[PDB]
Amino acid sequence: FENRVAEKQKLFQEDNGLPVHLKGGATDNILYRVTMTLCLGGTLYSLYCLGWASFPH
Amino acid sequence: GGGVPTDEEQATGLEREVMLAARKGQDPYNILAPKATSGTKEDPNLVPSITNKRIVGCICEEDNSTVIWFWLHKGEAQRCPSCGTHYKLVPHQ
Amino acid sequence: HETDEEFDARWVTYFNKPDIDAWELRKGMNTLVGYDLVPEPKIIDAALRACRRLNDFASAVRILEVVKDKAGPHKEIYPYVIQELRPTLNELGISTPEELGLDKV
Amino acid sequence: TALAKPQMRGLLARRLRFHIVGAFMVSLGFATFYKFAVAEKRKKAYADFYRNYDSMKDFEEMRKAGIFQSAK
Amino acid sequence: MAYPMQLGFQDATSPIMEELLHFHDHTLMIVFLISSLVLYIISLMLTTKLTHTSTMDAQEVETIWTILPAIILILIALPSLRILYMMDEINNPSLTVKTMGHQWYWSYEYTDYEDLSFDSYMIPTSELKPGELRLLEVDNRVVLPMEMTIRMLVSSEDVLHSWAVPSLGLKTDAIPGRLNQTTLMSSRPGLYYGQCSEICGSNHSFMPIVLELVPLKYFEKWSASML
Amino acid sequence: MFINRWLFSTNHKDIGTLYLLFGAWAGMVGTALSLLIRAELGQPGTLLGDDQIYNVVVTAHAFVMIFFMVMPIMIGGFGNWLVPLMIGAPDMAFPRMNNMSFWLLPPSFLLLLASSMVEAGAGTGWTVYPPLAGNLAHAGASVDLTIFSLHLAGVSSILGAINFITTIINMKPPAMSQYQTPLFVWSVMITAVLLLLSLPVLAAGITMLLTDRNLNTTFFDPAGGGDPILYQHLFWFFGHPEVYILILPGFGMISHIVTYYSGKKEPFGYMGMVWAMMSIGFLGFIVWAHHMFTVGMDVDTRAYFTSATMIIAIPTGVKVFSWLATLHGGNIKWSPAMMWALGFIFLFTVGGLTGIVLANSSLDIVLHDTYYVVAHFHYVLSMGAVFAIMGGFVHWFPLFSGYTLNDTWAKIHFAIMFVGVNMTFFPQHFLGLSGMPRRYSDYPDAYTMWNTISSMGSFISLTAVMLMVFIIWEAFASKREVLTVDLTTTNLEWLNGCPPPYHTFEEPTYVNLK
Amino acid sequence: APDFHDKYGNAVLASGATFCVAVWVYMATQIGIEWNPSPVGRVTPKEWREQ
Amino acid sequence: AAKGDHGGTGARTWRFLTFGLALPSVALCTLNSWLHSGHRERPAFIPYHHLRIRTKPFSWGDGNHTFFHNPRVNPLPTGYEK
Amino acid sequence: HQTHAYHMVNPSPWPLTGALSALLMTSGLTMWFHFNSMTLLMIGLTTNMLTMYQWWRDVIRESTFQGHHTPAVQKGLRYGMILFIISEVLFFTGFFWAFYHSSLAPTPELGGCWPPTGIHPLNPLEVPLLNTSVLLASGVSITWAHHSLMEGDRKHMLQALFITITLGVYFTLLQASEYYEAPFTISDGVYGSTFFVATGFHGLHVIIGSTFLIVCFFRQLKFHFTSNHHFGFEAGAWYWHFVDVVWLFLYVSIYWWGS
Amino acid sequence: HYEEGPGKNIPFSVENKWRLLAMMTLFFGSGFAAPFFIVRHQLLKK
Amino acid sequence: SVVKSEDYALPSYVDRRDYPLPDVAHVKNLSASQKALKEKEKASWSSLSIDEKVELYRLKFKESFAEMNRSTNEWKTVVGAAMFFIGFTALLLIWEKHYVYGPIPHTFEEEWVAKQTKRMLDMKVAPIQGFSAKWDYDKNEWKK
Amino acid sequence: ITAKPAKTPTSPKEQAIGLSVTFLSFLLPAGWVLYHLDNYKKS
Amino acid sequence: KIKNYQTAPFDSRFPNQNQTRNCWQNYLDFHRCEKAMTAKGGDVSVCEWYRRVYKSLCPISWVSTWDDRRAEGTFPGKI
Ligand code: HEA
Ligand code: HEA
Ligand SMILES: CCCCC/C=C\C/C=C/C/C=C\C/C=C\CCCC(=O)O[C@H](COC(=O)CCCCCCCCCCCCCCCCC)COP(=O)(O)OCCN
Ligand SMILES: CCCCCC/C=C\CCCCCCCCCC(=O)O[C@H](COC(=O)CCCCCCCCCCCCCCC)COP(=O)(O)OC[C@@H](O)CO
Ligand SMILES: CCCCCCCCCCO[C@@H]1O[C@H](CO)[C@@H](O[C@H]2O[C@H](CO)[C@@H](O)[C@H](O)[C@H]2O)[C@H](O)[C@H]1O
Ligand code: CUA
Ligand SMILES: [O-][O-]
Ligand SMILES: [Cu+2]
Ligand SMILES: [Mg+2]
Ligand code: NA
Ligand SMILES: [Zn+2]
């Protein structure tokens with residue numbers, strides 16, 4: 001392997017105004033939206049599960 | 001063998017700025033406590049700033065637990081309201 | 001530590017410095033009123049004459065106000081201090097807060 | 001007529017000195033009062049009750065009143 | 001039992017409870033004194049126009065603020081611990097009674113000679129007899145001989161409970177798998193009430209304790225009659 | 001912009017504001033639960049039901065007030081707002097981890113509310129003793145949801161503790177030593193160390209309760225060789241450090257409030273105040289078993305824990321007398337914040353002294369699990385902790401918002417609250433001495449009067465809480481913007497204006513060493 | 001210039017005190033609240049035991 | 001202890017310890033544990049009430065098998081499987 | 001703009017996603033324990049690993065690639081890691097407290113003895129001793145890794161770090177085998193309770209520490225570490241030594257003295 | 001950057017005091033109301 | 001006079017009895033006549049009139065010590081409003097008794113209490129101080 | 001502390017509205033639940 | 001023999017509030033003595049003191065559970 005740190009330092013110091021969690025490129029946006037969708041969708045599902053568990057069956 | 005980079009080769013950003021400035025004996029990012037002068041009007045404490053004002057904390061006597069805080073403005077030297085030692089702002093950068 | 005006489009002589013000397021500036025006058029009075037005492041008339045006299053050298057009539061009246069305030073409920077302290085200061089008040093033309101109506105709420 | 005020179009130093013410390021001693025005096029007054037009106041009162045009440053107390057006579061009065069499950 | 005508008009402890013029925021009353025009187029006076037002193041000093045600091053706002057030296061006065069409370073704590077600890085160990089003192093009991101906690105009632109066992117055991121349930125409010133006490137009466141009381149040192153053993157067969165009788169200075173937790181011991185000595189006959197003192201479910205408030213103290217002769221005949 | 005600022009925050013001021021909003025909302029929940037308690041006890045008989053629903057309310061009352069009201073307001077709220085400002089720091093050491101400490105709490109609160117909605121709730125008490133909390137007497141998800149709620153709150157405070165200790169130690173000006181930091185900063189660090197050391201023990205205890213309930217372990221089950229008393233040791237080893245976690249930030253704010261409104265530049269006996277808070281924290285780890293005087297421990301152990309508990313009165317007394325010495329000679333400003341602090345000093349002392357009464361294991365036999373204990377800790381919590389929170393809130397509200405409160409309304413609010421809390425809890429001393437047990441939905445007839453008066457007091461406190469909401473509305477409605485603040489020379493947190501800019505101390509303060 | 005307290009202080013104090021005493025006296029005595037006072041010096045003991 | 005090589009603890013010294021002491025010790029323990037391997041005769045089943053606790057069924061399988069159940073050595077509350 | 005050395009972090013969603021993941025994992029465990037479903041639990045675990053990956057990814061971006069880790073920022077992270085380990089020590093302390101409480105006072109239900117009647121403990125001189133030599137050897141090899149990195153030796157750093165990871169995996173496989181072979185289970189009273197809960201949480205920490213070392217291994221492969229700046233390795237080394245010491249206490253207390 | 005100053009460092013609007021009154025009413029009211037409706041929920045189950 | 005928000009970093013004026021000489025003058029900008037007054041102040045103060053002396057004081061200071069230390073009638077508003085909300089609380093208690101609380105148990109009926117009182121006296125409840133100690137068993141009445 | 005006059009003054013009548021609305025937001029929902037308690041207990 | 005038994009006397013081996021081991025020990029002692037007397041053709045009456053103490057101290061449900069488990073062969077103590 002060769003030292004490619006200088007290329008990453010240039011990429012993540014690029015003056016594009018992007019936050020660090022999105023500065024890697026389009027793949028960061030996809031991984032973020034996958035994470036947030038599962039979190040928000042799972043949270044809504046947990047609220048449904050609470051409603052079901054709150055009454056006898 | 002080698003193969004491990006050094007800070008001289010690979011440090012970047014603010015870390016490199018601190019490293020290179022310390023190698024010149026400079027402290028632009030306020031890592032060290034400044035040493036006081038005698039604090040007279042003729043020999044005031046010189047407070048660097050990038051703006052025209054900066055908050056000064058004055059420990060009037062050694063081992064005082066109370067710190068005296070005040071804004072030091074550009075212009076004529078100002079005195080600590082508790083002990084009267086003089087401070088003068090030196091803007092640059 | 002230091003006697004009452006040494007303390008008063010320190011403050012008399014402090015206010016008697018001929019070229020005392022406005023900052024040192026305020027610093028002196030603001031520090032002095034923190035102590036558990038009403039300042040001796042000789043101290044106030046030196047402070048009032050410092051106001052004269054600084055061409056500051058208003059601070060001289062304020063100093064008389066804070067003498068009365070430091071006395072708290074002891075009503076007899078302020079008339080005594082004014083009595084002892086009357087020659088200085090007449091010499092310098094310093095009107096008391098009462099003569100100026102500044103004791104009225 | 002001139003006015004006499006009043007005490008001008010340490011008036012706050014003198015007020016504190018006077019009333020801290022005063023509070024100490026009142027504390028002793030309360031301790032004596034409390035020992036007499038509460039502590040000793042409880043001591044004598046229990047001592048007077050049991051000096052000539054008759055537990056069998058007490059029981060018989062309770063039994064005749066019908067309070068017991070085991071003693072009619 | 002407690003009476004309406006009661007301010008302090010129920011009247012002592014045991015010598016140990018009598019010691020607790022006297023230690024509480026001794027301690028309550030100190031609590032009254034310190035709180036009054038603090039309240040007064042507060043008003044003292046707030047009722048003068050005189051001022052002193054410069055730096056105050058603290059070392060000398062903090063000797064007073066430390067030695068005096070330390071001495072006071074010692075005058076509390078000494079009688080407190082003396083009562084603590086006299087509670088624990090070796091005594092020679094003449095009878096051992098076990099109580100088992102249940103949801104939601106107490107069962108008692110007298111197994112020194114015969115196998116006497118029974119349950120003790122709260123008298124419901126609708127079934128109280130005129131003059132009986134709401135939430136306090138039981139169907140089967142704990143009959144005990146008066147003026148005799150009794151060993152009580154406390155346990156439980158389900159959740160935690162606590163067997164308490166304030167008149168006698170008694171409170172012993174009822175823990176399953178554990179046999180806790182306390183001593184009981186009543187100076188007088190009568191009825192002495194207590195209530196479960198550990199949260200134990202839906203009827204935690206409704207499983208009281210009633211001790212019936214009678215002469216030995218009546219206790220012996222009562223024990224025989226309950227075989 | 002809104003989502004980036006308030007959901008993705010890395011700013012100590014905004015995160016502190018979120019904690020304050022969260023704690024205020026929780027305070028409403030805890031207040032409603034407290035009224036449901038005293039409504040059940042307001043007259044003899046049963047109002048809601050048997051002890052199950054009652055103690056579910058009692059259990060949630062304690063949890064909401066402690067973990068969701070006091071701790072987020074004092075530590076997460078005032079701590080995040082004031083600590084960086086008081087040391088001239090640009091932010092917390094871990095500003096992004098700081099945001100997760102907050103956002104763990106709404107799910108923690110959700111889990112608590114879920115436990116009371118499913119099955120019959122967790123009617124166990126905030127101590128959650130087994131076997132009542134076990135899977136036999138409390139089958140179902142309620143207790144497990146309670147445990148997980150405590151897990152999330154535990155993680156939140158442990159990470160917050162790591163953040164505060166690191167920030168206070170590492171991010172001061174290079175010339176400022178630890179003995180040049182304000183007392184509130186001291187109180188937060190000591191609180192953070194108690195959190196760091198005590199919560200992991202709690203997390204271990206309740207994890208063992210979880211496995212006992214769901215994985216057939218028997219840590220607390222005698223059938224398998226376990227011991228229910230082991231849980232009590234594990235809980236209370238955290239439990240007492242927790243009550244000192246609840247009061248220590250109050251101690252720090254009281255020091256600042258009393259100093260400020262006495263016109264003083266410094267509190268009396270600074271080093272004595274530091275010594276006392278550190279002594280109180282240390283002693284708070286070796287006294288836990290005074291919550292267990294009736295469980296059947298040896299006399300020698302009961303003699304030690306009686307003695308070790310009482311020592312704590314010495315460092316605490318130093319703080320009380322130093323507060324009085326700070327008042328001595330001051331130009332007293334009778335602000336509403338000062339009134340809260342003056343009420344704190346007296347009422348906390350009363351509650352502290354009744355704690356010393358309970359420290360005596362002999363006397364505690366008759367007083368344990370009675371309302372004398374309830375009288376003890378409500379004086380130090382519902383009057384101590386609460387007044388410190390209210391005093392701090394009315395003192396620093398102009399700094400946080402840039403608007404001023406109506407001082408007359410705030411003094412009226414204090415007057416109503418003072419009457420309400422004392423009418424509520426002072427008669428409970430009588431109920432405790434006379435033998436009324438804790439956690440009862442109903443009581444023998446003899447206890448009627450003091451229960452009636454106590455419940456009437458709680459309604460007075462409700463009126464104060466409702467007035468408080470109006471007073472906050474009136475301040476934001478009128479928009480009286482702050483101009484000048486006194487004593488900025490010894491109160492650094494005010495020196496950047498009201499409110500301070502989003503970024504403060506971008507250029508750090510100048511402090512030389514001489 | 002007279003502020004709110006100079007204009008309305010006396011009325012707020014008098015009306016507040018009068019309203020507070022009146023409604024608490026009414027609540028304490030007129031709606032059937034059970035205070036359960038001590039029977040000492042007020043209740044005549046009555047026979048309770050039956051056959 | 002017995003070794004002396006002090007004065008400079010560095011990469012070479014710690015590799016010396018890794019290959020000269022640490023890994024040989026693992027080899028010896030592996031060897032030792034390899035001679036003592038092999039199944040032992042499982043003991044007679046006694047339905048002790050402090051063992052095989054079942055207060056709530058497990059959340060997997062049939063609710064009666066522990067997570068890493070071994071049929072050879074782990075009996076059920078009713079005894080060993082077959 | 002700033003003239004201090006501290007790090008102002010970009011606004012980040014990972015605190016929220018991490019907190020929501022904790023909600024999903026805890027409500028998932030409740031769903032699993034009581035309502036016979038693992039769905040919520042799997043979503044929580046997945047979001048938890050996505051949060052941890054992207055969070056620590058950003059920390060590497062902020063430090064290696066953007067240079068925000070000044071000596072002052074490093075010192076703060078040093079305090080953070082030490083304090084975190086301390087909180088982990090107190091967590092295990094509770095379990096050691098539980099163990100000694102049960103074993104020093106064996107109840108009648110156990111037969112009044114320790115080990116309890118019907119419990120046949122593992123031999124501490126067989127695999128438990130092997131596991132002890134494995135973790136002790138990994139402490140030596142990770143120290144060689146550290147000195148190799150400080151002296152600038154890339155090849156031997158990766159050599160020692162791989163050996164340390166292999167030993168960590170070796171311990172996990174041996175423990176997994178010991179779990180299956182054990183004649184006692186977690187349901188065999190307080191002996192099985194204290195044994196598996198304490199060693200199980202330790203085994204989890206071994207897996208966490210091994211993952212941390214693997215992260216440092218691949219970061220070393222990509223030349224992230226300098227000979228002077230490498231706190232990610234140091235934190236992993238501190239955590240690995242913590243894991244080792246906990247085992248030594250487990251071995252002495254539960255495997256040896258408790259046998 | 002973000003808005004700064006009074007009324008701008010908060011996640012709720014204070015532009016209109018009456019809209020704010022409704023929001024504070026909903027915010028604090030829902031917290032106070034929640035335990036009463038949870039008690040109602042439990043009583044309506046058994 | 002006019003103080004602004006962005007002024008927070010500058011020295012400001014305060015009226016404190018323990019800080020009699022503030023950092024700045026109350027009035028900063030002087031009119032033509034006020035400028036001439038300050039020039040006259042450099043001469044003997046005996047030549048100043050009473051009105052001019054008051055004017056010099058009001059330029060340096062905002063309120064006098066008497067003005068800044070004056071008492072107010074705020075306590076009447078605070079105490080009176082506090083009793084109103086405490087009085088309003090009783091309205092909530094009246095509503096609760098009327099609409100929420102049902103009947104109290106039958107053990108509080110007058111006849112039950114009378115019989116319960118005798119039974120307590122028959123078992124000698126609190127005979128040393130608390131209850132039965134206040135009953136005269138010889139005279140069959142409450143002790144006077 | 002010194003402050004500016006209110007940028008949007010709240011008159012006594014406006015305060016009466018806010019006070020009434022605040023109290024009613026606390027009292028009405030809880031009052032409704034407590035009023036219908038007997039319906040909940042026996043149904 | 002030296003009998004006049006009222007209740008179990010103080011035992012210095014078990015001097016604390018927790019009396020679990022006192023009941024457990026005497027239950028063991030009686031049945032260990034009973035087994036010794038039965039096996040070698042003696043009289044169980046020599047075990048009477050242990051019988052009186054454990055019956056005084058032990059809860060009925062403890063004895064009954066221990067009795068069932070001795071008969072079932074699952075008693076964990078050594079007899
Ligand atoms: C803010 C919370 C808080 C605080 C500060 C305290 C402070 C103290 N507490 Fe309290 N306590 C609780 C919250 C708190 N407590 C809670 C919540 C419970 C019950 C939990 C439950 O069961 O649910 C409890 C229960 C509790 C018990 C158990 C009673 C029982 O359950 O049977 C005991 C007994 O030792 C106790 C003691 C003390 C002591 C000695 C102090 C001391 O720190 C107080 C020291 C202060 C002073 C002593 C006053 C100031 C000192 C002076 C003015 C000097 C002069 C004084 C003397 C010379 C004595 N507490
Ligand atoms: C901090 C903790 C705390 C607080 C504040 C309170 C507040 C109150 N508590 Fe509570 N209580 C406990 C902690 C607390 N309690 C604990 C730990 C128990 C033991 C639980 C158990 O046994 O398991 C208990 C038990 C308890 C009982 C016993 C139940 C029983 O044993 O059967 C009772 C009954 O009278 C009671 C009453 C009250 C009352 C009337 C209040 C009232 O004073 C409420 C008054 C309102 C407030 C104090 C306002 C709240 C604060 C805010 C809204 C902040 C506002 C926000 C900002 C300013 C930003 N409490
Ligand atoms: C090296 C292998 C390690 C084991 C890997 C298995 C799963 C990993 C999970 C990690 C959980 C860590 C702690 C779990 C506690 C107990 C687990 C004990 C360790 C273990 O795995 O031991 C097994 C447990 O089984 C079982 O059900 C296990 C059931 C798992 C249920 C999960 C419960 C998780 C609870 C977490 C609570 C929160 C943790 C604390 C957070 C505090 C925050 C402040 C024993 O198996 P057995 O079938 O009895 O056979 C033995 C003889 N053949
Ligand atoms: C595997 C199956 C389930 C397991 C669940 C959890 C999974 C495992 C997670 C293991 C931990 C991985 C952590 C990766 C951290 C990478 C980021 C990193 O290491 O970041 C470093 C900073 O350290 C830092 O934040 C260090 C901060 C990291 C602390 C993490 C410590 C472990 C925490 C894990 C959670 C424990 C849970 C406890 C259970 C009770 C970067 O600084 P440097 O390297 O000095 O500077 C870069 C140089 O190039 C400059 O020249
Ligand atoms: C501790 C928490 C606070 C407790 C104290 C509450 C203070 C007073 C709140 C009043 O609440 C309202 O009371 C009405 C009665 O006065 C109820 O109307 C009820 O009664 C009316 C007349 O009887 C009917 O017209 C309505 O339909 C019926 O809902 C109404 O629902 C309820 O919201
Ligand atoms: Cu049994 Cu409470
Ligand atoms: O808890 O004290
Ligand atoms: Cu405690
Ligand atoms: Mg208890
Ligand atoms: Na009730
Ligand atoms: Zn200075």
# chains A, B, ... in the order shown; residues from 1 in each chain; ligands from 1
>>> residues_around(residues="stretch 20-29 of chain B", least_positions_apart="2", cutoff="12 Å", atoms="only C-alpha atoms", output="ChimeraX atom specification")
/B:7-9,11-18,31-34,48-50,92-93 /F:173-174,506-510 /I:1-6,70-72
>>> write_last_selection(atoms="N, CA and C atoms", output="short mmCIF file (atom, residue, chain, number, x, y, z; two decimals), in the first residue's frame")
data_model
loop_
_atom_site.label_atom_id
_atom_site.label_comp_id
_atom_site.auth_asym_id
_atom_site.auth_seq_id
_atom_site.Cartn_x
_atom_site.Cartn_y
_atom_site.Cartn_z
N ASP B 7 4.93 13.73 12.10
CA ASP B 7 4.09 14.92 12.16
C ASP B 7 4.58 15.99 11.20
N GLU B 8 5.90 16.11 11.04
CA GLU B 8 6.46 17.07 10.10
C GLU B 8 5.95 16.82 8.68
N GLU B 9 5.76 15.55 8.33
CA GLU B 9 5.34 15.20 6.98
C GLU B 9 3.83 15.24 6.78
N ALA B 11 1.11 16.04 9.48
CA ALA B 11 0.20 16.89 10.24
C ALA B 11 -0.32 18.02 9.36
N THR B 12 -1.59 18.37 9.55
CA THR B 12 -2.26 19.34 8.71
C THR B 12 -3.19 20.20 9.56
N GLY B 13 -3.81 21.18 8.92
CA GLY B 13 -4.84 21.99 9.57
C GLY B 13 -4.31 22.76 10.76
N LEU B 14 -5.14 22.84 11.80
CA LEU B 14 -4.78 23.60 12.99
C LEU B 14 -3.64 22.95 13.76
N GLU B 15 -3.56 21.62 13.75
CA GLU B 15 -2.46 20.93 14.42
C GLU B 15 -1.12 21.36 13.84
N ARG B 16 -1.02 21.43 12.51
CA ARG B 16 0.23 21.84 11.88
C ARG B 16 0.55 23.30 12.21
N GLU B 17 -0.46 24.17 12.23
CA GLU B 17 -0.23 25.56 12.59
C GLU B 17 0.35 25.68 13.99
N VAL B 18 -0.22 24.93 14.94
CA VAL B 18 0.30 24.94 16.30
C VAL B 18 1.72 24.39 16.34
N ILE B 31 -1.98 28.81 23.88
CA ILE B 31 -1.77 27.58 24.62
C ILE B 31 -1.02 27.84 25.93
N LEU B 32 -0.20 28.89 25.97
CA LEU B 32 0.62 29.20 27.14
C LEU B 32 0.03 30.38 27.90
N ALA B 33 0.26 30.39 29.20
CA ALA B 33 -0.12 31.53 30.02
C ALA B 33 0.93 32.64 29.86
N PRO B 34 0.54 33.85 29.47
CA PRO B 34 1.52 34.93 29.34
C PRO B 34 2.14 35.29 30.68
N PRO B 48 -2.29 40.79 23.32
CA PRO B 48 -2.56 40.67 21.89
C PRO B 48 -4.02 40.35 21.62
N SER B 49 -4.51 40.80 20.47
CA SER B 49 -5.88 40.52 20.07
C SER B 49 -5.98 40.64 18.55
N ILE B 50 -6.91 39.86 17.98
CA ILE B 50 -7.23 39.99 16.56
C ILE B 50 -8.36 40.98 16.33
N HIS B 92 -3.40 43.07 16.06
CA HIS B 92 -2.65 42.68 14.87
C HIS B 92 -3.36 41.48 14.27
N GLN B 93 -2.93 41.12 13.05
CA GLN B 93 -3.41 39.97 12.29
C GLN B 93 -4.84 40.14 11.77
N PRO F 173 -8.45 28.59 31.21
CA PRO F 173 -7.30 29.39 30.78
C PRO F 173 -6.02 28.85 31.39
N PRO F 174 -4.91 28.90 30.65
CA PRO F 174 -3.67 28.26 31.14
C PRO F 174 -3.19 28.79 32.48
N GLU F 506 -14.35 32.86 21.20
CA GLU F 506 -13.58 32.48 20.02
C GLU F 506 -12.13 32.94 20.16
N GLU F 507 -11.93 34.16 20.66
CA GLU F 507 -10.65 34.58 21.19
C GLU F 507 -10.67 34.40 22.70
N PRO F 508 -9.82 33.56 23.27
CA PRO F 508 -9.90 33.27 24.71
C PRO F 508 -9.52 34.49 25.54
N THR F 509 -9.86 34.40 26.83
CA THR F 509 -9.54 35.47 27.76
C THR F 509 -8.03 35.57 27.97
N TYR F 510 -7.59 36.76 28.36
CA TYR F 510 -6.19 37.01 28.69
C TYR F 510 -6.03 36.94 30.21
N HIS I 1 -10.45 32.60 12.51
CA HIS I 1 -11.36 33.34 13.37
C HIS I 1 -11.08 33.06 14.84
N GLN I 2 -11.05 31.78 15.20
CA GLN I 2 -10.72 31.38 16.56
C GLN I 2 -9.23 31.51 16.80
N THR I 3 -8.86 31.92 18.02
CA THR I 3 -7.47 31.96 18.45
C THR I 3 -7.26 31.07 19.67
N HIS I 4 -8.10 30.05 19.82
CA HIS I 4 -7.87 28.96 20.75
C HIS I 4 -7.58 27.68 19.96
N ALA I 5 -7.20 26.63 20.68
CA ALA I 5 -6.76 25.39 20.06
C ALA I 5 -7.82 24.29 20.10
N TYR I 6 -9.05 24.61 20.48
CA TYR I 6 -10.07 23.60 20.67
C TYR I 6 -10.92 23.44 19.41
N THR I 70 -5.42 19.21 17.90
CA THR I 70 -4.26 19.86 18.50
C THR I 70 -3.87 19.12 19.78
N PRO I 71 -2.69 19.41 20.34
CA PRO I 71 -2.34 18.81 21.64
C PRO I 71 -3.38 19.03 22.72
N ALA I 72 -4.09 20.16 22.71
CA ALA I 72 -5.13 20.39 23.70
C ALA I 72 -6.33 19.47 23.48
#
>>> interface_residues(of="chain F", to="chain H", cutoff="6 Å", atoms="only C-alpha atoms", output="PyMOL selection string")
chain F and resi 216+223-224
>>> closest_atom_pairs(of="chain E", to="ligand 6", cutoff="8 Å", atoms="only C-alpha atoms and all ligand atoms", output="Markdown table")
| residue | atom | partner | partner_atom_place_in_ligand_line | distance |
| --- | --- | --- | --- | --- |
| E:101 | CA | ligand 6 | 1 (Cu) | 6.4 |
| E:102 | CA | ligand 6 | 1 (Cu) | 6.4 |
| E:103 | CA | ligand 6 | 1 (Cu) | 6.1 |
| E:104 | CA | ligand 6 | 1 (Cu) | 5.8 |
| E:105 | CA | ligand 6 | 1 (Cu) | 6.8 |
| E:159 | CA | ligand 6 | 1 (Cu) | 7.9 |
| E:160 | CA | ligand 6 | 1 (Cu) | 6.8 |
| E:161 | CA | ligand 6 | 1 (Cu) | 4.3 |
| E:162 | CA | ligand 6 | 1 (Cu) | 6.5 |
| E:195 | CA | ligand 6 | 2 (Cu) | 7.8 |
| E:196 | CA | ligand 6 | 2 (Cu) | 4.4 |
| E:197 | CA | ligand 6 | 2 (Cu) | 5.5 |
| E:198 | CA | ligand 6 | 2 (Cu) | 4.6 |
| E:199 | CA | ligand 6 | 2 (Cu) | 4.4 |
| E:200 | CA | ligand 6 | 2 (Cu) | 4.2 |
| E:201 | CA | ligand 6 | 2 (Cu) | 6.8 |
| E:203 | CA | ligand 6 | 2 (Cu) | 7.1 |
| E:204 | CA | ligand 6 | 2 (Cu) | 3.7 |
| E:205 | CA | ligand 6 | 2 (Cu) | 6.3 |
| E:206 | CA | ligand 6 | 2 (Cu) | 7.8 |
| E:207 | CA | ligand 6 | 1 (Cu) | 6.2 |
>>> residues_near_ligand(ligand="ligand 7", cutoff="8 Å", atoms="only C-alpha atoms and all ligand atoms", output="VMD selection string")
chain F and resid 239 to 244 288 290 to 291 355 377
>>> residues_near_ligand(ligand="ligand 2", cutoff="6 Å", atoms="only C-alpha atoms and all ligand atoms", output="NGL selection string")
:F and (20 or 23-24 or 27-28 or 31 or 34 or 37-38 or 58-59 or 62 or 65-66 or 70 or 125-126 or 378 or 381-382 or 386 or 390 or 393 or 421 or 438-440 or 458 or 461 or 465)
>>> residues_around(residues="residue F:499", least_positions_apart="6", cutoff="7 Å", atoms="only C-alpha atoms", output="ChimeraX atom specification")
/F:399-402 /J:5-6
>>> interface_residues(of="chain K", to="chain G", cutoff="9 Å", atoms="only C-alpha atoms", output="PyMOL selection string")
chain K and resi 72-91+93-94+97-98+104+108+110-119+121+131+134-135+141-144
